[PDB]
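Below is the file data33.json, which contains JSON, C-alpha atoms and all ligand atoms.
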```
[["chain", "number", "residue", "atom", "x", "y", "z"],
["A", 4, "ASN", "CA", 18.90, 0.23, 20.95],
["A", 5, "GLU", "CA", 16.07, 1.07, 18.56],
["A", 6, "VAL", "CA", 12.38, 0.48, 19.19],
["A", 7, "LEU", "CA", 9.02, 1.41, 17.70],
["A", 8, "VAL", "CA", 6.98, 3.74, 19.93],
["A", 9, "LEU", "CA", 3.37, 4.84, 19.48],
["A", 10, "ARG", "CA", 3.62, 8.61, 19.10],
["A", 11, "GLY", "CA", 0.08, 9.66, 18.23],
["A", 12, "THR", "CA", -2.96, 9.45, 15.98],
["A", 13, "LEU", "CA", -4.46, 11.19, 12.97],
["A", 14, "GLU", "CA", -8.24, 11.44, 13.12],
["A", 15, "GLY", "CA", -10.50, 12.76, 10.36],
["A", 16, "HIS", "CA", -11.64, 9.81, 8.26],
["A", 17, "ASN", "CA", -15.09, 8.27, 8.67],
["A", 18, "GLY", "CA", -14.31, 4.84, 7.24],
["A", 19, "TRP", "CA", -11.52, 2.25, 7.27],
["A", 20, "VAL", "CA", -8.20, 3.85, 6.36],
["A", 21, "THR", "CA", -7.43, 1.57, 3.42],
["A", 22, "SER", "CA", -4.23, 3.14, 2.09],
["A", 23, "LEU", "CA", -1.38, 5.45, 3.05],
["A", 24, "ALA", "CA", 1.30, 7.27, 1.06],
["A", 25, "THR", "CA", 4.30, 9.45, 1.87],
["A", 26, "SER", "CA", 6.74, 11.35, -0.36],
["A", 27, "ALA", "CA", 10.46, 12.11, -0.33],
["A", 28, "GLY", "CA", 9.85, 15.59, -1.73],
["A", 29, "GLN", "CA", 7.46, 16.52, 1.08],
["A", 30, "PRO", "CA", 8.54, 14.67, 4.26],
["A", 31, "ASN", "CA", 5.85, 16.51, 6.24],
["A", 32, "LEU", "CA", 3.00, 15.41, 3.99],
["A", 33, "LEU", "CA", 0.86, 12.29, 4.41],
["A", 34, "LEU", "CA", -1.84, 11.03, 2.06],
["A", 35, "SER", "CA", -4.62, 8.71, 3.21],
["A", 36, "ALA", "CA", -7.50, 6.91, 1.50],
["A", 37, "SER", "CA", -10.68, 5.63, 3.12],
["A", 38, "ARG", "CA", -13.91, 3.67, 2.73],
["A", 39, "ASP", "CA", -15.54, 7.04, 3.38],
["A", 40, "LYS", "CA", -14.93, 7.66, -0.35],
["A", 41, "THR", "CA", -12.37, 10.39, 0.29],
["A", 42, "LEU", "CA", -8.66, 11.00, 0.57],
["A", 43, "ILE", "CA", -7.02, 13.29, 3.09],
["A", 44, "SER", "CA", -3.71, 15.11, 2.95],
["A", 45, "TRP", "CA", -2.19, 15.66, 6.38],
["A", 46, "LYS", "CA", 0.34, 18.18, 7.64],
["A", 47, "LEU", "CA", 2.73, 16.42, 10.01],
["A", 48, "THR", "CA", 3.97, 18.42, 12.99],
["A", 49, "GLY", "CA", 4.79, 15.55, 15.34],
["A", 50, "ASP", "CA", 3.82, 17.42, 18.49],
["A", 51, "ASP", "CA", 2.34, 16.34, 21.82],
["A", 52, "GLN", "CA", -0.99, 14.57, 21.40],
["A", 53, "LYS", "CA", -1.63, 15.78, 17.86],
["A", 54, "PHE", "CA", 0.99, 14.40, 15.47],
["A", 55, "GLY", "CA", -0.63, 16.28, 12.59],
["A", 56, "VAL", "CA", -3.75, 17.82, 11.09],
["A", 57, "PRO", "CA", -5.90, 17.38, 7.95],
["A", 58, "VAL", "CA", -5.21, 20.07, 5.33],
["A", 59, "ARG", "CA", -7.22, 18.95, 2.29],
["A", 60, "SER", "CA", -10.15, 16.64, 1.66],
["A", 61, "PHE", "CA", -10.23, 14.84, -1.70],
["A", 62, "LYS", "CA", -13.86, 14.26, -2.65],
["A", 63, "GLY", "CA", -15.23, 12.91, -5.92],
["A", 64, "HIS", "CA", -15.21, 9.13, -5.83],
["A", 65, "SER", "CA", -18.67, 7.59, -5.49],
["A", 66, "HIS", "CA", -17.42, 4.47, -3.71],
["A", 67, "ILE", "CA", -14.65, 3.10, -1.50],
["A", 68, "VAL", "CA", -11.15, 4.36, -2.21],
["A", 69, "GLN", "CA", -8.97, 1.27, -1.92],
["A", 70, "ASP", "CA", -5.49, 2.54, -2.77],
["A", 71, "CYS", "CA", -3.54, 5.78, -3.14],
["A", 72, "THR", "CA", -0.07, 7.12, -3.83],
["A", 73, "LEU", "CA", 1.83, 10.38, -4.23],
["A", 74, "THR", "CA", 4.22, 11.43, -6.96],
["A", 75, "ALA", "CA", 7.87, 11.77, -5.93],
["A", 76, "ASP", "CA", 7.59, 15.53, -5.45],
["A", 77, "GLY", "CA", 4.31, 15.17, -3.56],
["A", 78, "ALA", "CA", 2.52, 17.53, -5.94],
["A", 79, "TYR", "CA", 0.04, 14.96, -7.24],
["A", 80, "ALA", "CA", -2.08, 12.13, -5.83],
["A", 81, "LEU", "CA", -3.48, 9.02, -7.48],
["A", 82, "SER", "CA", -6.48, 7.07, -6.22],
["A", 83, "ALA", "CA", -8.12, 3.74, -7.07],
["A", 84, "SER", "CA", -11.81, 3.26, -6.30],
["A", 85, "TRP", "CA", -14.52, 0.59, -6.19],
["A", 86, "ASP", "CA", -16.41, 3.00, -8.44],
["A", 87, "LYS", "CA", -14.35, 1.47, -11.26],
["A", 88, "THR", "CA", -12.20, 4.55, -11.81],
["A", 89, "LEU", "CA", -8.94, 6.14, -10.80],
["A", 90, "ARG", "CA", -8.38, 9.86, -10.30],
["A", 91, "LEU", "CA", -5.30, 12.06, -10.45],
["A", 92, "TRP", "CA", -5.53, 14.87, -7.91],
["A", 93, "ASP", "CA", -3.78, 18.20, -7.42],
["A", 94, "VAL", "CA", -2.51, 17.82, -3.85],
["A", 95, "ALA", "CA", -2.29, 21.57, -3.28],
["A", 96, "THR", "CA", -5.94, 22.26, -4.12],
["A", 97, "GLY", "CA", -7.67, 18.91, -3.59],
["A", 98, "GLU", "CA", -9.17, 18.98, -7.08],
["A", 99, "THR", "CA", -9.41, 16.15, -9.61],
["A", 100, "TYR", "CA", -7.27, 16.85, -12.68],
["A", 101, "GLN", "CA", -7.99, 13.60, -14.52],
["A", 102, "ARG", "CA", -10.30, 10.58, -14.41],
["A", 103, "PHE", "CA", -9.26, 7.10, -15.52],
["A", 104, "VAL", "CA", -12.17, 5.09, -16.92],
["A", 105, "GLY", "CA", -11.85, 1.62, -18.41],
["A", 106, "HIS", "CA", -12.08, -1.07, -15.73],
["A", 107, "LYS", "CA", -15.27, -3.12, -15.60],
["A", 108, "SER", "CA", -15.16, -3.60, -11.84],
["A", 109, "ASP", "CA", -13.68, -2.37, -8.56],
["A", 110, "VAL", "CA", -10.24, -0.80, -8.96],
["A", 111, "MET", "CA", -8.19, -2.25, -6.12],
["A", 112, "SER", "CA", -4.72, -0.85, -6.75],
["A", 113, "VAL", "CA", -2.84, 2.04, -8.32],
["A", 114, "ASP", "CA", 0.82, 2.87, -8.81],
["A", 115, "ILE", "CA", 3.03, 5.12, -10.93],
["A", 116, "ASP", "CA", 6.56, 4.93, -12.33],
["A", 117, "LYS", "CA", 9.37, 7.12, -11.01],
["A", 118, "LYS", "CA", 9.24, 9.41, -14.04],
["A", 119, "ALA", "CA", 5.52, 9.82, -13.36],
["A", 120, "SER", "CA", 4.99, 9.08, -17.05],
["A", 121, "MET", "CA", 2.66, 6.08, -16.79],
["A", 122, "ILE", "CA", 0.11, 4.73, -14.33],
["A", 123, "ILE", "CA", -0.76, 1.13, -13.51],
["A", 124, "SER", "CA", -3.95, -0.22, -11.97],
["A", 125, "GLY", "CA", -5.37, -3.54, -10.80],
["A", 126, "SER", "CA", -9.04, -4.52, -10.67],
["A", 127, "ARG", "CA", -11.51, -7.22, -9.67],
["A", 128, "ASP", "CA", -12.17, -7.44, -13.40],
["A", 129, "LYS", "CA", -9.02, -9.60, -13.37],
["A", 130, "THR", "CA", -7.01, -7.15, -15.47],
["A", 131, "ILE", "CA", -4.07, -4.80, -15.06],
["A", 132, "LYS", "CA", -4.24, -1.56, -17.01],
["A", 133, "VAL", "CA", -1.51, 0.83, -18.13],
["A", 134, "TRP", "CA", -2.45, 4.48, -18.61],
["A", 135, "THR", "CA", -0.93, 7.80, -19.62],
["A", 136, "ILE", "CA", -0.97, 10.54, -16.99],
["A", 137, "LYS", "CA", -3.65, 12.18, -19.15],
["A", 138, "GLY", "CA", -6.09, 9.37, -18.40],
["A", 139, "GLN", "CA", -5.70, 7.50, -21.68],
["A", 140, "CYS", "CA", -5.68, 3.71, -21.35],
["A", 141, "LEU", "CA", -2.75, 2.33, -23.32],
["A", 142, "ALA", "CA", -3.02, -1.39, -22.72],
["A", 143, "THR", "CA", -4.62, -4.10, -20.61],
["A", 144, "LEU", "CA", -2.53, -6.97, -19.26],
["A", 145, "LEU", "CA", -4.24, -10.35, -19.11],
["A", 146, "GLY", "CA", -3.06, -13.39, -17.14],
["A", 147, "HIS", "CA", -4.75, -13.41, -13.74],
["A", 148, "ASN", "CA", -7.63, -15.87, -13.37],
["A", 149, "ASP", "CA", -9.30, -14.03, -10.50],
["A", 150, "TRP", "CA", -9.42, -10.60, -8.86],
["A", 151, "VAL", "CA", -6.24, -8.56, -8.90],
["A", 152, "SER", "CA", -5.64, -7.23, -5.40],
["A", 153, "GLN", "CA", -2.47, -5.18, -5.84],
["A", 154, "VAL", "CA", -0.04, -3.95, -8.49],
["A", 155, "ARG", "CA", 3.32, -2.30, -7.86],
["A", 156, "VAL", "CA", 6.15, -0.82, -9.91],
["A", 157, "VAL", "CA", 9.51, -2.41, -9.17],
["A", 158, "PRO", "CA", 12.24, 0.15, -8.41],
["A", 159, "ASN", "CA", 15.32, 0.04, -10.66],
["A", 166, "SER", "CA", 12.48, -0.32, -18.92],
["A", 167, "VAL", "CA", 9.61, -0.69, -16.45],
["A", 168, "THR", "CA", 8.86, -3.83, -14.45],
["A", 169, "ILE", "CA", 5.67, -4.26, -12.44],
["A", 170, "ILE", "CA", 4.41, -6.98, -10.11],
["A", 171, "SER", "CA", 0.91, -8.18, -9.31],
["A", 172, "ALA", "CA", -0.96, -10.52, -7.01],
["A", 173, "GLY", "CA", -4.54, -11.76, -6.93],
["A", 174, "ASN", "CA", -7.03, -14.31, -5.65],
["A", 175, "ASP", "CA", -5.70, -16.88, -8.11],
["A", 176, "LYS", "CA", -2.83, -17.44, -5.66],
["A", 177, "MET", "CA", -0.37, -16.19, -8.27],
["A", 178, "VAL", "CA", 2.28, -13.49, -8.06],
["A", 179, "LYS", "CA", 3.36, -12.17, -11.45],
["A", 180, "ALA", "CA", 6.13, -9.94, -12.76],
["A", 181, "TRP", "CA", 5.45, -8.16, -16.04],
["A", 182, "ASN", "CA", 7.71, -6.41, -18.55],
["A", 183, "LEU", "CA", 5.97, -3.18, -19.59],
["A", 184, "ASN", "CA", 8.27, -2.79, -22.59],
["A", 185, "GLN", "CA", 6.59, -5.92, -23.95],
["A", 186, "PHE", "CA", 3.27, -5.83, -22.09],
["A", 187, "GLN", "CA", 4.07, -9.46, -21.32],
["A", 188, "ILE", "CA", 4.60, -11.76, -18.34],
["A", 189, "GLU", "CA", 8.23, -12.04, -17.25],
["A", 190, "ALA", "CA", 7.85, -14.51, -14.38],
["A", 191, "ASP", "CA", 5.24, -16.63, -12.61],
["A", 192, "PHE", "CA", 5.74, -16.92, -8.85],
["A", 193, "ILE", "CA", 3.91, -20.00, -7.58],
["A", 194, "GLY", "CA", 3.65, -20.94, -3.91],
["A", 195, "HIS", "CA", 0.79, -19.17, -2.17],
["A", 196, "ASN", "CA", -2.00, -21.37, -0.86],
["A", 197, "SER", "CA", -4.47, -18.57, -0.15],
["A", 198, "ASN", "CA", -5.81, -15.26, -1.42],
["A", 199, "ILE", "CA", -3.03, -12.70, -1.70],
["A", 200, "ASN", "CA", -4.00, -9.30, -0.30],
["A", 201, "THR", "CA", -0.77, -7.39, -0.76],
["A", 202, "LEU", "CA", 2.70, -7.42, -2.28],
["A", 203, "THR", "CA", 5.67, -5.07, -2.46],
["A", 204, "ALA", "CA", 9.17, -4.80, -3.91],
["A", 205, "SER", "CA", 12.28, -4.01, -1.87],
["A", 206, "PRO", "CA", 13.76, -0.53, -2.46],
["A", 207, "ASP", "CA", 16.66, -2.05, -4.43],
["A", 208, "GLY", "CA", 14.18, -3.91, -6.64],
["A", 209, "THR", "CA", 15.73, -7.31, -5.95],
["A", 210, "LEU", "CA", 13.09, -8.85, -3.68],
["A", 211, "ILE", "CA", 9.34, -9.34, -3.74],
["A", 212, "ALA", "CA", 7.27, -9.77, -0.59],
["A", 213, "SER", "CA", 3.69, -11.03, -0.83],
["A", 214, "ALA", "CA", 1.06, -12.21, 1.64],
["A", 215, "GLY", "CA", -2.65, -12.68, 2.29],
["A", 216, "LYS", "CA", -5.24, -14.75, 4.14],
["A", 217, "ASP", "CA", -3.08, -17.48, 5.71],
["A", 218, "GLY", "CA", -0.57, -14.93, 7.01],
["A", 219, "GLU", "CA", 2.29, -16.49, 5.06],
["A", 220, "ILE", "CA", 4.71, -13.82, 3.86],
["A", 221, "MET", "CA", 6.61, -15.20, 0.88],
["A", 222, "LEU", "CA", 9.90, -13.60, -0.17],
["A", 223, "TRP", "CA", 10.92, -13.99, -3.81],
["A", 224, "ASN", "CA", 14.16, -13.44, -5.70],
["A", 225, "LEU", "CA", 12.92, -11.42, -8.68],
["A", 226, "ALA", "CA", 15.93, -11.83, -10.98],
["A", 227, "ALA", "CA", 16.31, -15.54, -10.24],
["A", 228, "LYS", "CA", 12.54, -15.99, -10.50],
["A", 229, "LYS", "CA", 12.59, -18.18, -7.40],
["A", 230, "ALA", "CA", 11.07, -18.36, -3.93],
["A", 231, "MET", "CA", 13.57, -17.79, -1.13],
["A", 232, "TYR", "CA", 11.67, -18.33, 2.12],
["A", 233, "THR", "CA", 8.37, -17.71, 3.91],
["A", 234, "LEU", "CA", 7.80, -15.79, 7.14],
["A", 235, "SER", "CA", 4.88, -16.82, 9.34],
["A", 236, "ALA", "CA", 2.78, -13.85, 10.45],
["A", 237, "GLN", "CA", 0.10, -16.29, 11.64],
["A", 238, "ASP", "CA", -2.88, -14.03, 10.94],
["A", 239, "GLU", "CA", -4.22, -12.52, 7.72],
["A", 240, "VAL", "CA", -1.88, -9.93, 6.23],
["A", 241, "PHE", "CA", -3.44, -6.80, 4.72],
["A", 242, "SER", "CA", -0.41, -4.65, 3.90],
["A", 243, "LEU", "CA", 3.36, -5.03, 3.49],
["A", 244, "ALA", "CA", 6.02, -2.32, 3.51],
["A", 245, "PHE", "CA", 9.80, -2.50, 3.37],
["A", 246, "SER", "CA", 11.68, 0.11, 5.35],
["A", 247, "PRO", "CA", 13.41, 2.55, 2.97],
["A", 248, "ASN", "CA", 16.67, 2.52, 4.93],
["A", 249, "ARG", "CA", 16.57, -0.57, 7.17],
["A", 250, "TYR", "CA", 16.36, -4.26, 6.35],
["A", 251, "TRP", "CA", 12.91, -4.25, 7.91],
["A", 252, "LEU", "CA", 9.60, -5.54, 6.59],
["A", 253, "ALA", "CA", 6.37, -4.36, 8.22],
["A", 254, "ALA", "CA", 3.19, -6.39, 7.92],
["A", 255, "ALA", "CA", -0.25, -5.19, 9.00],
["A", 256, "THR", "CA", -2.15, -8.23, 10.27],
["A", 257, "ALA", "CA", -5.55, -8.93, 11.83],
["A", 258, "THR", "CA", -3.94, -9.09, 15.29],
["A", 259, "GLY", "CA", -1.30, -6.38, 14.99],
["A", 260, "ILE", "CA", 1.60, -5.03, 12.98],
["A", 261, "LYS", "CA", 4.54, -7.42, 12.82],
["A", 262, "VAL", "CA", 7.86, -5.77, 11.97],
["A", 263, "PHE", "CA", 10.43, -8.27, 10.69],
["A", 264, "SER", "CA", 14.16, -7.76, 10.60],
["A", 265, "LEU", "CA", 15.48, -9.63, 7.58],
["A", 266, "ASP", "CA", 19.17, -9.07, 8.31],
["A", 267, "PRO", "CA", 19.53, -10.78, 10.57],
["A", 268, "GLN", "CA", 16.22, -12.62, 10.79],
["A", 269, "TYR", "CA", 14.18, -11.76, 13.89],
["A", 270, "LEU", "CA", 10.95, -10.08, 14.95],
["A", 271, "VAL", "CA", 11.59, -6.40, 15.65],
["A", 272, "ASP", "CA", 8.15, -6.03, 17.20],
["A", 273, "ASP", "CA", 4.44, -6.89, 17.13],
["A", 274, "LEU", "CA", 2.58, -3.58, 17.42],
["A", 275, "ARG", "CA", -0.75, -3.98, 19.22],
["A", 276, "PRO", "CA", -2.41, -0.80, 20.51],
["A", 277, "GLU", "CA", -4.86, -0.99, 23.42],
["A", 278, "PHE", "CA", -8.37, -0.31, 22.16],
["A", 279, "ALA", "CA", -10.98, 1.68, 24.06],
["A", 280, "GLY", "CA", -12.71, -0.97, 25.82],
["A", 281, "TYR", "CA", -13.64, -2.66, 22.60],
["A", 282, "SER", "CA", -14.43, -6.34, 23.03],
["A", 283, "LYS", "CA", -11.71, -8.79, 21.99],
["A", 284, "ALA", "CA", -13.97, -10.01, 19.20],
["A", 285, "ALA", "CA", -14.28, -6.47, 17.89],
["A", 286, "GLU", "CA", -10.73, -5.15, 18.17],
["A", 287, "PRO", "CA", -9.82, -2.91, 15.21],
["A", 288, "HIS", "CA", -6.71, -3.76, 13.19],
["A", 289, "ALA", "CA", -4.39, -2.12, 10.67],
["A", 290, "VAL", "CA", -5.09, -2.60, 6.96],
["A", 291, "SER", "CA", -2.65, -0.04, 5.55],
["A", 292, "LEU", "CA", 1.01, 0.90, 6.05],
["A", 293, "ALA", "CA", 3.48, 3.56, 4.97],
["A", 294, "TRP", "CA", 7.02, 4.47, 6.00],
["A", 295, "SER", "CA", 8.17, 8.07, 6.02],
["A", 296, "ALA", "CA", 10.88, 8.87, 3.48],
["A", 297, "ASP", "CA", 13.56, 8.85, 6.19],
["A", 298, "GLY", "CA", 12.22, 5.58, 7.59],
["A", 299, "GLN", "CA", 11.97, 6.98, 11.11],
["A", 300, "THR", "CA", 8.17, 6.96, 11.07],
["A", 301, "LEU", "CA", 5.62, 4.23, 10.39],
["A", 302, "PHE", "CA", 2.01, 5.10, 9.58],
["A", 303, "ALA", "CA", -0.82, 2.58, 9.83],
["A", 304, "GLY", "CA", -4.50, 2.96, 8.96],
["A", 305, "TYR", "CA", -7.08, 1.08, 11.01],
["A", 306, "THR", "CA", -10.61, -0.27, 10.72],
["A", 307, "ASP", "CA", -11.70, 2.30, 13.31],
["A", 308, "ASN", "CA", -11.01, 5.11, 10.82],
["A", 309, "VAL", "CA", -7.90, 6.18, 12.71],
["A", 310, "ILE", "CA", -4.29, 6.49, 11.58],
["A", 311, "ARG", "CA", -1.71, 5.52, 14.19],
["A", 312, "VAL", "CA", 1.88, 6.71, 14.16],
["A", 313, "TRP", "CA", 4.97, 4.91, 15.45],
["A", 314, "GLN", "CA", 8.47, 6.36, 15.51],
["A", 315, "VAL", "CA", 11.84, 4.64, 15.74],
["A", 316, "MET", "CA", 13.43, 5.87, 18.97],
["A", 317, "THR", "CA", 16.33, 4.95, 21.25],
["A", 318, "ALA", "CA", 15.46, 2.76, 24.24],
["B", 1, "MN", "MN", 4.96, 3.82, -6.09]]
```
Would it be possible to restate this file's structure as structure tokens?
Ligand SMILES: [Mn+2]
Amino acid sequence: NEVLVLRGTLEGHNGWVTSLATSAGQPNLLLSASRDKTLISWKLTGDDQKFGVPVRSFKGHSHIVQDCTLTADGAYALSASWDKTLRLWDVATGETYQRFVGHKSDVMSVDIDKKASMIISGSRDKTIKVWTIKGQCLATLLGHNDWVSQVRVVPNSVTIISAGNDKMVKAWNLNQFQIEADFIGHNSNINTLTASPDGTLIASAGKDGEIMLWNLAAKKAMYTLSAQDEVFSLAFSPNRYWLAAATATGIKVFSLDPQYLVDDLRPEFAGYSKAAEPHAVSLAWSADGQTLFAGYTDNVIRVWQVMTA
């Protein structure tokens, strides 16, 4: 008796909302990144026709901000930018504490370990970099033969996973700075990947809309879910066996146990033309899993909540 219901919007960005992040420490805080070169922290009220408001603007990047995340406590933000750098921000003030310089091209992805002791990034320079929180590059991981689109830390000795336009998904052992597993099977550019909260599964997808699920430990492919259209973002529910996928035609929410389509979220748009309908390119679940945030190509964040029918 549970459905996803459109609750409201968060307006304030002036470019595609490319990335979203929530935090367990601050369940009322949302972080967003945009092609408008900025990030925005939001205060969530969840009230009427204004689910929340912008509290801070994070300005400093000279190009598109592609990815962002918050530390566990929500005190700090990380951003990856096409300007070839990452920045660590003080969420309270909106200031940049540290710059991360080293990539030779667009930085497409950023993530951080649970201890918030080291930072990982992916770039169109084909490399993955490991940094200290003080902005010092420690090492560069080589193996991808094309752009790296996304890098993520696997929840659990740190293990990360990456995907790129070489159709490869890779797991790396940071204790060795070496490849742990090659996941072959994608036939198209991979836009996004993510690890299940228990760190046992990998989900990855891109252009052809094929969402491949991998058994990390066994280093094997399990099955593929057809989303039909290009997938831009994937996000496992923190508390449900649900996998949300932002696609060119809507947000498909898959139940994995048992297997069925929870929903295909498709908002009604203005009167845009069909040809020009905006779509979601970013996703984030709230810590409690009762809220799903999605950033769109019309600069708007849309908010769904799990309610009783
Ligand atoms: Mn993370």
Report, in Å with one decimal, the straight-line distance from atom CA of residue 127 of chain A to atom CA of residue 64 of chain A. 17.2 Å
Contact check, chain A to ligand MN 1 (chain B), at most 7 Å, counting all atoms listed in the file, closest pairs as CSV:
```
residue,atom,partner,partner_atom,distance
A:72,CA,B:MN1,MN,6.4
A:114,CA,B:MN1,MN,5.0
A:115,CA,B:MN1,MN,5.4
A:116,CA,B:MN1,MN,6.5
A:155,CA,B:MN1,MN,6.6
A:156,CA,B:MN1,MN,6.1
```
Produce a table with one row for each residue of segment 56-147 of chain A that has an atom at most 12 Å from any atom of segment 288-295 of chain A, each row naming the nearest atom pair and its distance in Å at one decimal; use all atoms listed in the file; arrange rows by chain and rising residue number; format as CSV.
```
residue,atom,partner,partner_atom,distance
A:69,CA,A:291,CA,9.9
A:70,CA,A:291,CA,9.2
A:71,CA,A:291,CA,10.5
A:72,CA,A:293,CA,10.1
A:73,CA,A:293,CA,11.6
```
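Compared by their closest atoms to residue 297 of chain A, and using only C-alpha atoms, the residues A:315, A:43, A:178, A:199 rank with A:315 nearest.
Non-sequential neighbours of residue 233 of chain A (distance at most 7 Å, separation of 2 or more positions within a chain, all atoms listed in the file) are residues 219, 220, 221, 222 and 235 of chain A.
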I'd like the interatomic distance between atom CA of residue 274 of chain A and atom CA of residue 16 of chain A, to a tenth of an Å. 21.6 Å
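In this comparison, which uses all atoms listed in the file, the residue of A:305, A:103, A:251, A:281 approaching residue 86 of chain A most closely is A:103.
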Set the distance at 12 Å and use only C-alpha atoms: which residues neighbour residue 31 of chain A once local chain neighbours fewer than 3 positions away are removed? I'd like the list as a VMD selection string. chain A and resid 24 to 28 34 44 to 49 54 to 58 76 to 77 295 to 297 300
Select, from A:104, A:177, A:202, A:89, the residue with the minimum atom-to-atom distance to residue 190 of chain A, counting only C-alpha atoms. A:177
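Between atom CA of residue 61 of chain A and atom CA of residue 37 of chain A the interatomic distance comes to 10.4 Å.
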Counting all atoms listed in the file, which residues sit no farther than 7 Å from the position (0.0, -3.5, 5.1) in the file's frame? I'd like them as a PyMOL selection string. chain A and resi 240-244+254-255+290-292
Neighbour list for residue 153 of chain A as a list in words, cut-off 6 Å, all atoms listed in the file, skip fewer than 4 positions in-chain: residues 112, 125, 171, 172 and 201 of chain A
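Proximity of A:102, A:107, A:113, A:59 to residue 74 of chain A, computed with only C-alpha atoms, is greatest for A:113.
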Need the shell around residue 173 of chain A: protein/DNA/RNA residues with any atom at most 12 Å away, counting only C-alpha atoms. Skip same-chain ones fewer than 3 positions apart. Format as a ChimeraX atom specification? /A:111-112,125-131,146-154,170,176-179,192-193,195-202,213-216
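For segment 205-208 of chain A, the list of residues within 10 Å, based on all atoms listed in the file and with local chain neighbours fewer than 5 positions off taken out, reads residues 156, 157, 158, 159, 168, 224, 225, 226, 244, 245, 246, 247, 248, 250, 251 and 252 of chain A.
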Please identify all polymer residues lying at most 6 Å from the point (3.5, 9.1, -16.8) (file coordinates), using all atoms listed in the file, and present the result as a PDB file with C-alpha atoms, keeping the file's coordinate frame.
```
ATOM      1  CA  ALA A 119       5.520   9.820 -13.360  1.00  0.00           C
ATOM      2  CA  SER A 120       4.990   9.080 -17.050  1.00  0.00           C
ATOM      3  CA  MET A 121       2.660   6.080 -16.790  1.00  0.00           C
ATOM      4  CA  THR A 135      -0.930   7.800 -19.620  1.00  0.00           C
ATOM      5  CA  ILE A 136      -0.970  10.540 -16.990  1.00  0.00           C
TER       6      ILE A 136
END
```
Of A:211, A:270, A:133, A:316, the one sitting nearest residue 232 of chain A when using all atoms listed in the file is A:211
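In this comparison, which uses only C-alpha atoms, the residue of A:88, A:187, A:101, A:41 approaching residue 145 of chain A most closely is A:187.
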